[PDB]
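Next up: just one chain, as structure tokens, the form deposited in one PDB entry.
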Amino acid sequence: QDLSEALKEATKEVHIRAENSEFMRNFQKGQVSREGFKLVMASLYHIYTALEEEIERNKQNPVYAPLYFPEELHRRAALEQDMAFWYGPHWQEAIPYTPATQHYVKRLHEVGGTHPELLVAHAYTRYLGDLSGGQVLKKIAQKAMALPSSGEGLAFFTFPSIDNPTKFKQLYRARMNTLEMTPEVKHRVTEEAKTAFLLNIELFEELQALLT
């Protein structure tokens, strides 16, 4: 079976669970405000920073290299503009770094530093969603919080170097399908994508408790 199909299959149950964290459930109904949105975007700042640092470290390694698309996909620069927007010119000292965010960042460094053959699980979970439901969430955020069409405050959700998210996703899937793949790597990649979804779910439960 193709890696891209194995991953969709392996994560489709947990994706349902993630969709219905309270945080995502409120978000989707347009019950997201400045305070909750800044908590989640600052946490994403730390997460994509660690992920992209590990992508950089492993760019040349064949267990990852086919998925190396910094121009199209990387989010850290976009997150930095959003942080200056939401938190001001001194955002680096102001942004929170929560325990659930540290835990996710810690696993991303373990994977990148010691198990780079699993890094594709983590890029898949984040970037492919960002190119799917993330586009729907962007529209919801922008309406709930009165964010302008010009995109300030939502650079994270905008891919200026991808014309067509759907086509890019198909390309990225075909490329995932050309990684070296053995039963051993396939089994552990799909397991690591369930872990990445859980780390996301635990972040949302943590932020929701912070807010309430």
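Only the largest set of C-alpha atoms that superpose within 1.5 Å between the two forms is called the rigid core. All residue numbers refer to positions in the sequence shown, first residue = 1.
Between 26-34 and 57-65, the higher mean Cα B-factor belongs to 26-34. Note on 16-24 vs 192-200: mean CA B-factor is higher in 16-24.
In the PDB entry, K169 places in the highest third of its chain by CA B-factor. Per the PDB record, residue ranking by Cα B-factor puts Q92 in the highest third of the chain. Sorting the modelled residues of the chain by their CA temperature factor places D130 in the lowest third.
Annotation for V40: C-alpha temperature factor in the middle third relative to the rest of the modelled chain, per the entry. Placement of the Cα temperature factor of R76 within the chain: middle third of the modelled residues, per the deposited record.
What comes next is about the form deposited in another entry, which is not displayed.
Rigid-core fit between the shown form and the other one: of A100, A78, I95, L137, the one residue whose Cα shifts 2 angstroms or more is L137.
When two forms of a protein are overlaid on their rigid core, residues whose CA moves 2 Å or more are considered shifted, and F27 is one of them between the shown form and the other one. In contrast to the form presented, in the other entry the C-alpha positions of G134 and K167 draw closer by 3 Å or more. The gap between the Cα atoms of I140 and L198 is larger in the other entry, by no less than 3 Å, than in this form.
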